[PDB]
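Colleague: My structure is below; once you've seen it, I'll send some questions.
Protein chains: 2
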Amino acid sequence: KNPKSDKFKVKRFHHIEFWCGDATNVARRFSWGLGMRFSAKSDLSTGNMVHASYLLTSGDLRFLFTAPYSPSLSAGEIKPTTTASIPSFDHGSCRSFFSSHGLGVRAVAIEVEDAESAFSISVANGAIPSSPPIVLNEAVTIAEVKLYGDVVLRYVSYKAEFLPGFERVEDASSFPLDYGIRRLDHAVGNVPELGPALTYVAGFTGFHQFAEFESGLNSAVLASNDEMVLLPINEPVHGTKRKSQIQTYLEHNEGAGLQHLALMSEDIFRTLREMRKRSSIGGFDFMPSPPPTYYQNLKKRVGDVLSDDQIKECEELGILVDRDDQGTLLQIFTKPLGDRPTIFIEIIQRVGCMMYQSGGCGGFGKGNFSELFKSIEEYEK
Amino acid sequence: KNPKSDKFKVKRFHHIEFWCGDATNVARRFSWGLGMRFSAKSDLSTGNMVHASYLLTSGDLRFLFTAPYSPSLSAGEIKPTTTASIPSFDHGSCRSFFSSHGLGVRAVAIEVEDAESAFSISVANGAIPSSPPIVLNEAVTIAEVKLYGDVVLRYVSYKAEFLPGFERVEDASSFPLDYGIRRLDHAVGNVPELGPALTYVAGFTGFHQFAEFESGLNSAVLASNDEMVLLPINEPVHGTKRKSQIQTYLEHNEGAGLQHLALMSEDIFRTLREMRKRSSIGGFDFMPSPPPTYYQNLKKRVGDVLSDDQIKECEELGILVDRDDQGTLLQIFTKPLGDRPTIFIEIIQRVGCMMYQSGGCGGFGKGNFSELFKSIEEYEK
Ligand SMILES: O=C1CCCC(O)=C1C(=O)c1ccc2c(c1)N(Cc1ccc(C(F)(F)F)cc1)C(=O)CS2
Ligand SMILES: O=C1CCCC(O)=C1C(=O)c1ccc2c(c1)N(Cc1ccc(C(F)(F)F)cc1)C(=O)CS2
Ligand SMILES: [Co+2]
Ligand SMILES: [Co+2]
Numbered sequence: 035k036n037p038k039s040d041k042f043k044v045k046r047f048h049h050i051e052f053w054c055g056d057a058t059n060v061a062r063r064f065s066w067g068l069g070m071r072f073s074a075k076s077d078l079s080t081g082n083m084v085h086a087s088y089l090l091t092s093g094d095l096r097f098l099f100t101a102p103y104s105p106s107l108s109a110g111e112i113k114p115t116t117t118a119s120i121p122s123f124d125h126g127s128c129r130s131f132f133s134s135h136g137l138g139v140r141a142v143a144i145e146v147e148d149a150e151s152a153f154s155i156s157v158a159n160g161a162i163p164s165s166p167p168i169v170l171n172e173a174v175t176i177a178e179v180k181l182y183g184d185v186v187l188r189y190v191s192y193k194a201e202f203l204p205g206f207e208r209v210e211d212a213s214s215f216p217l218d219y220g221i222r223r224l225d226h227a228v229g230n231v232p233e234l235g236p237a238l239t240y241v242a243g244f245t246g247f248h249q250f251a252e253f262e263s264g265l266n267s268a269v270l271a272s273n274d275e276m277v278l279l280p281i282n283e284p285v286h287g288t289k290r291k292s293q294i295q296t297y298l299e300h301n302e303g304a305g306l307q308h309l310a311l312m313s314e315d316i317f318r319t320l321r322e323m324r325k326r327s328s329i330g331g332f333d334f335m336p337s338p339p340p341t342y343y344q345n346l347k348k349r350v351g352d353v354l355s356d357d358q359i360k361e362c363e364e365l366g367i368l369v370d371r372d373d374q375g376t377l378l379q380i381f382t383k384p385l386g387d388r389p390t391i392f393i394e395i396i397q398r399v400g401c402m403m411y412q413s414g415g416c417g418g419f420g421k422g423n424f425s426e427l428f429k430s431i432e433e434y435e436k
Numbered sequence: 035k036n037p038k039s040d041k042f043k044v045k046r047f048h049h050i051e052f053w054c055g056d057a058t059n060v061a062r063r064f065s066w067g068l069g070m071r072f073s074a075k076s077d078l079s080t081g082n083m084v085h086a087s088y089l090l091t092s093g094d095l096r097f098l099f100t101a102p103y104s105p106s107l108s109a110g111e112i113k114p115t116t117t118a119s120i121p122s123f124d125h126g127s128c129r130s131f132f133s134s135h136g137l138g139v140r141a142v143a144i145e146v147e148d149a150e151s152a153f154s155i156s157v158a159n160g161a162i163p164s165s166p167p168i169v170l171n172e173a174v175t176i177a178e179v180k181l182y183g184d185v186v187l188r189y190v191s192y193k194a201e202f203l204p205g206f207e208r209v210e211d212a213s214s215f216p217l218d219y220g221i222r223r224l225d226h227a228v229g230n231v232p233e234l235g236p237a238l239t240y241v242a243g244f245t246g247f248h249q250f251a252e253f262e263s264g265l266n267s268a269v270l271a272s273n274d275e276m277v278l279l280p281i282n283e284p285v286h287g288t289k290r291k292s293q294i295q296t297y298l299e300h301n302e303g304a305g306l307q308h309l310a311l312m313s314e315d316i317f318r319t320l321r322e323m324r325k326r327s328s329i330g331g332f333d334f335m336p337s338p339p340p341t342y343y344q345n346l347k348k349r350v351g352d353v354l355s356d357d358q359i360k361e362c363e364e365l366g367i368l369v370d371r372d373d374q375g376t377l378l379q380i381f382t383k384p385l386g387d388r389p390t391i392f393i394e395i396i397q398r399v400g401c402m403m411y412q413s414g415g416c417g418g419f420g421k422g423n424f425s426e427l428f429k430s431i432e433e434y435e436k
């Protein structure tokens, strides 16, 4: 059931912004590890005396990396005279965020029809304001409300190239890397209490709960009208045999925040081949692969969707598979992206639900909790 | 002239430590960009609840990258019960350093015969103490005095594997990258006033001034007894036509600090081939190359040291060449390593002064100031 209750018109995920101590090194690491090209910049070379911001793209996926300069460079500015290209940026907020949480997502940005309206309607319906609507070069409007922890939900709307004040990156510095990643599928938050977090976010967005089908979590998913914006939220379950890794997240992150970004690939086999080639030469590492019993058990579960060779290809790459009532999911998870056991990345490709593919086809992999345990005990043998 | 006036026995450069906001991403970027292997770690997985520290090595060159965890992880510890492997580390100092300066060098570490003696003699001769001598596992002693700005000169001495509490990195995570870099040749600081900085450092070390042979700087070089530890220092020259980039450094860095690290290569052609292949895929960028007139003029200057093809190879890679009375220098410079126009890297190889090669053979390239200007005006033509 989908009541289509959005309180304002939402389009798609637009970008994800990381707050960094040094944007250059994080962006260069992520570019090589994920196959994303350098697409836009706003920094000293474009007249921005406030923050360094670098944009990576792969298909429609947009990762923004931002770090503050010395405040002394902009000490004479006021907001009316700012050289910052992102008017919501604040040196103190950024330093406090990074000192508190380490490297992580500050903003989950969605494109909307009218960011000013989205902001006003959100706040009228309980959203905590974070940055008011600001019109950039009479062309783009940006606004921000609190999502959870120190993560903001950012609204961007365009009258008609990322943001005014950003410059497209010279061809020489823009190597055309591409490992097949094409868009953000979903963005997941960890909170201490799922109930109040859901009530808050669904309260100000009108997002509805997305249909689903001992491991230390309870989760639910909020979705926009066409279910293309997907915001799962997890809470820890206490007193379990193994300590909840949602709780470990909350401790190491100093509270609620973004747990993982799931990136859709148009060819998850190619994406994982390319990412795994680079794991130990600057890229990303992956979680340990499931035992062979897991891939033996895939025959019974998805033998009508994947051939033997395609299943063997999943085994070679450590890819997980899940299925719900409408579709099939291929997924795999990275180790944490930085020093802390907090944020990680999921790579996903979905099979089925063709009408374009409908959002969330195959679910989010909750069936793999039981299938992994069963596989581990069976391989124990 | 070399008076050999060291006040304590100094051996070689031992390591350089960067203070980071996220050590993982900087280390992975540097590893790929410079061809350095992951060699040791001290972090949550080794029982360190205080800081994440990752060691990269190439030959004898050792780069350490360190970032603080949440203080809450170690809030019950005191110094007698610390789980930090580097006892001089302090969360507040590290966060303050990185917020003030951005990514940069905190420690220039030299191996000495007796770090406790080196510390005591240094302080008795004017050194400002930063961290007292601490004996680690009855095997290594570490001590720190202020060098310039917030950079410390770190003394390490071994009774007899980086530091106790560090673990060697698993083979799978340790890809054997190598682009030919073999050791730290020299480490250069920028200060507002060269005179007082030289008097201070030479005062507490006994290091002597190293023999040399409009551009915005005055510089001098301090050297140990065998001139293998080399510490140049620059000050800005004001009122020049082009603003001194020493002064730009001081402004963007919020004061004095480490300007560049010069890394000796055993094959600078191979090093530059490998680094330039990776510039736009996560590695380091290089300064713009000199005009062809510069390489035409190399015939007269070093035609007795390099063949035509070797000179042409220099031109293909943008390598600079200088010569003093004893030897010849090949050098090239990266663009800044991070967001701020502050720290950069030099790659160097020296030709001559064979007895082993004596330290500083060929100088530091000061002749390239005039040779570059002349080349630029001649190519203007
Ligand atoms: O989990 C949820 C809730 C719903 C919205 C969401 O998108 C997801 C996932 O993406 C997801 C689903 C199933 C699995 C999985 C991730 N993971 C990674 C992993 C390890 C550990 C823990 C934790 F310790 F926190 F419980 C959670 C996740 C696997 O390794 C195979 S099972
Ligand atoms: O400079 C010094 C002093 C002595 C100890 C030292 O090791 C060095 C060098 O390594 C060195 C020497 C000559 C050159 C050079 C670097 N560089 C980079 C560069 C650009 C700009 C400015 C500045 F703007 F600050 F003046 C300084 C340096 C070149 O590009 C070719 S000339
Ligand atoms: Co997921
Ligand atoms: Co130099």
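Line by line, the protein sequences give chains A and B. Going letter by letter, the first sequence gives residues 35 to 194, 201 to 253, 262 to 403, 411 to 436 in full-length UniProt numbering. Going letter by letter, the second sequence gives residues 35 to 194, 201 to 253, 262 to 403, 411 to 436 in full-length UniProt numbering. Even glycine gets a Cβ: it sits at the ideal position worked out from N, Cα and C.
Which residues does DSSP list as the beta-bridge partners of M402 (chain B)?
Modeller: If you number the second sequence from 1, residue 402 (chain B) lands on position 354. Partner(s): B:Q412.
Colleague: In chain B, what lies closer than 7 Å to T58 (chain A) by C-beta?
Modeller: For the purposes of this step, residue 58 (chain A) is taken as the residue at position 24 of the first sequence. Simply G386 and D387.
Colleague: Are the CB atoms of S119 (chain A) and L234 (chain A) within a distance shorter than 7 Å?
Modeller: Looking up residue 234 (chain A) in the first sequence gives position 194. Looking up residue 119 (chain A) in the first sequence gives position 85. No, these two residues do not count as a Cβ contact at 7 Å.
Colleague: If contacts are defined as beta-carbon pairs under 8 Å, then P284 (chain B) and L306 (chain B) qualify, I think. What distance do you get, rounded to the angstrom?
Modeller: Position 236 of the second sequence holds residue 284 (chain B). Position 258 of the second sequence holds residue 306 (chain B). Incorrect: roughly 16 Å between the Cβ atoms, too far for contact.
Colleague: What whole-angstrom Cβ distance do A304 (chain A) and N230 (chain A) have, given they're in contact under 8 Å?
Modeller: Within the first sequence, numbered from 1, the residue matching residue 304 (chain A) stands at position 256. Within the first sequence, numbered from 1, the residue matching residue 230 (chain A) stands at position 190. Their Cβ separation, rounded to whole angstroms, is 6 Å, which keeps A304 (chain A) and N230 (chain A) in contact under 8 Å.
Colleague: When the Cα atoms are used, what is the spatial distance from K41 (chain A) to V169 (chain A)?
Modeller: Numbered from 1 along the first sequence, position 7 holds the residue referred to as residue 41 (chain A). Numbered from 1 along the first sequence, position 135 holds the residue referred to as residue 169 (chain A). In a straight line, the C-alpha of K41 (chain A) is about 21 Å away from that of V169 (chain A).
Colleague: Using only the alpha-carbon positions, how far apart do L320 (chain B) and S425 (chain A) sit?
Modeller: As a first step, residue 320 (chain B) is located in the second sequence; it is residue number 272 there, counting from the start. As a first step, residue 425 (chain A) is located in the first sequence; it is residue number 370 there, counting from the start. One C-alpha to the other measures close to 51 Å.
Colleague: Applying the 10 Å Cβ sphere with the 16-neighbour rule, what's the burial state of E322 (chain A)?
Modeller: For this step, residue 322 (chain A) is matched to residue 274 along the first sequence. Buried: at least 16 other Cβ atoms inside 10 Å.
Colleague: Quick check: the segment 75 to 91 of chain B against the segment 47 to 58 of chain B, are at least 3 beta-carbon pairs closer than 8 Å?
Modeller: Flag = yes, the segment 47 to 58 of chain B and the segment 75 to 91 of chain B touch.
Colleague: For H48 (chain A), which of helix, strand or coil comes out of DSSP?
Modeller: Position 14 of the first sequence, counted from the start, is the residue given in the question as residue 48 (chain A). Of the three classes helix, strand and coil, the one that applies to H48 (chain A) here is strand, per DSSP.
Colleague: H248 (chain A) to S156 (chain A), Cα distance in whole Å?
Modeller: On the first sequence, residue 248 (chain A) is found 208 positions in, with the first residue counted as 1. On the first sequence, residue 156 (chain A) is found 122 positions in, with the first residue counted as 1. One C-alpha to the other measures close to 15 Å.
Colleague: Check each residue of the segment 288 to 301 of chain B: if its Cβ is closer than 9 Å to any Cβ of chain A, include it; give the result in chain order.
Modeller: Taking 9 Å as the Cβ-Cβ cut-off against chain A, the residues of the segment 288 to 301 of chain B that qualify are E299, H300 and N301.
Colleague: Going along chain B, which residues have a C-beta under 9 Å from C54 (chain A)?
Modeller: Locating residue 54 (chain A) in the first sequence gives position 20, where the first residue counts as 1. What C54 (chain A) touches in chain B: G55, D56, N59 and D387.
Colleague: Specify whether the segment 412 to 432 of chain B and the segment 89 to 98 of chain A touch according to this definition: at least 3 beta carbon pairs, one from each stretch, less than 8 Å apart.
Modeller: Not touching, per the Cβ criterion.
Colleague: So, using beta-carbon positions, are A74 (chain A) and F206 (chain A) closer together than 7 Å?
Modeller: Counting from 1 along the first sequence, the entry for residue 74 (chain A) is found at position 40. Counting from 1 along the first sequence, the entry for residue 206 (chain A) is found at position 166. Going by C-beta atoms, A74 (chain A) is nearer than 7 Å to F206 (chain A).
Colleague: Exposed or buried, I112 (chain B), counting other C-beta atoms within 10 Å across all chains shown (16 or more means buried)?
Modeller: Looking up residue 112 (chain B) in the second sequence gives position 78. Under this definition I112 (chain B) is an exposed residue.
Colleague: So which residues on chain B does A212 (chain A) lean against when the C-beta distance must stay under 8 Å?
Modeller: Locating residue 212 (chain A) in the first sequence gives position 172, where the first residue counts as 1. Per Cβ cutoff of 8 Å: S328.
Colleague: With DSSP as the reference, label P384 (chain B) as helix, strand or coil.
Modeller: Counting from 1 along the second sequence, the entry for residue 384 (chain B) is found at position 336. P384 (chain B): coil per DSSP, three-state reduction.
Colleague: Cβ of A101 (chain A) less than 7 Å from any chain B Cβ?
Modeller: Against the first sequence, residue 101 (chain A) aligns to sequence position 67. Yes - at least one Cβ of chain B is within 7 Å of the one on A101 (chain A).
Colleague: Looking at the strands, I want to know which residues DSSP matches up with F72 (chain B).
Modeller: Position 38 of the second sequence, counted from the start, is the residue given in the question as residue 72 (chain B). Partner(s): B:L90.
Colleague: Comparing alpha-carbon positions, which option in A:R290, A:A149 and A:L181 lies nearest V174 (chain A)?
Modeller: For the purposes of this step, residue 174 (chain A) is identified with residue 140 of the first sequence, where counting begins at 1. The residue with the shortest Cα to Cα distance from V174 (chain A) is A:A149.
Colleague: With DSSP as the reference, please indicate the residues paired to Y342 (chain A) in a beta bridge.
Modeller: Position 294 of the first sequence holds residue 342 (chain A). Answer is none; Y342 (chain A) lacks a bridge partner.
Colleague: Does DSSP classify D315 (chain B) as helix, strand or coil?
Modeller: Numbered from its first residue, the second sequence carries residue 315 (chain B) at position 267. Coil, per DSSP.
Colleague: Counting Cβ pairs, one atom from each stretch, are 3 or more of them under 8 Å apart for the segment 121 to 140 of chain A and the segment 98 to 106 of chain A?
Modeller: Result yes; three or more Cβ-Cβ pairs closer than 8 Å.
Colleague: Quick one: what's residue 196 (chain A) bridged to in DSSP?
Modeller: Shown without residue 196 (chain A), the model has chain A running from 194 straight on to 201.
Colleague: Kindly examine ligand 3 and report whether one of its heavy atoms sits closer than 6 Å to the Cβ of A149 (chain A).
Modeller: Residue mapping note: residue 149 (chain A) aligns to position 115 of the first sequence, counting from 1. No, ligand 3 has no heavy atom inside 6 Å of this Cβ.
Colleague: How many whole angstroms separate the CB atoms of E299 (chain A) and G418 (chain A), which I take to be in contact at a CB cut-off of 8 Å?
Modeller: Residue numbering aside, residue 299 (chain A) sits at position 251 when the first sequence is read from its first letter. Residue numbering aside, residue 418 (chain A) sits at position 363 when the first sequence is read from its first letter. No, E299 (chain A) and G418 (chain A) are not in contact; Cβ-Cβ is about 28 Å, not under 8 Å.
Colleague: Please find out if some non-hydrogen atom of ligand 1 comes closer than 6 Å to the beta-carbon of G160 (chain B).
Modeller: Here residue 160 (chain B) refers to the residue found at position 126 when the second sequence is read from its first residue. No, Cβ of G160 (chain B) sits at least 6 Å from all heavy atoms of ligand 1.
Colleague: Three-state secondary structure (DSSP) at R223 (chain B)?
Modeller: Taking the second sequence and counting its residues from 1, one reaches residue 223 (chain B) at position 183. It is a strand residue.
Colleague: When DSSP builds the beta bridges, which residues end up paired with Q249 (chain A)?
Modeller: Taking the first residue of the first sequence as 1, we reach residue 249 (chain A) at position 209. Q249 (chain A) is bridged to A:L270.
Colleague: Say yes only if the C-beta of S79 (chain B) is nearer than 6 Å to one or more non-hydrogen atoms of ligand 2, and no if none qualify.
Modeller: Here residue 79 (chain B) refers to the residue found at position 45 of the second sequence. For ligand 2, not one heavy atom lies less than 6 Å from the Cβ of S79 (chain B).
Colleague: Return yes when at least one heavy atom of ligand 3 lies under 6 Å from the C-beta of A194 (chain B), else no.
Modeller: Looking up residue 194 (chain B) in the second sequence gives position 160. Because no heavy atom of ligand 3 lies under 6 Å away, the Cβ of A194 (chain B) does not count as near it: no.
Colleague: Mind checking whether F64 (chain B) and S328 (chain A) have CB atoms under 7 Å apart?
Modeller: Locating residue 64 (chain B) in the second sequence gives position 30, counting from the first residue. Locating residue 328 (chain A) in the first sequence gives position 280, counting from the first residue. In this structure, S328 (chain A) does not lie closer than 7 Å to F64 (chain B) by Cβ.
Colleague: Going by beta-carbon coordinates alone, are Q397 (chain A) and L378 (chain A) separated by less than 7 Å?
Modeller: Your numbering for residue 397 (chain A) matches position 349 in the first sequence. Your numbering for residue 378 (chain A) matches position 330 in the first sequence. It is a contact, given that the beta carbons lie within the stated cut-off.
Colleague: Under 6 Å from any heavy atom of ligand 2, does the C-beta of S263 (chain B) make it?
Modeller: Taking the second sequence and counting its residues from 1, one reaches residue 263 (chain B) at position 215. Under cutoff, so the answer is yes.
Colleague: Helix, strand or coil: which one does DSSP assign to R326 (chain A)?
Modeller: Here residue 326 (chain A) corresponds to residue number 278 of the first sequence, with the count starting at 1. Coil.
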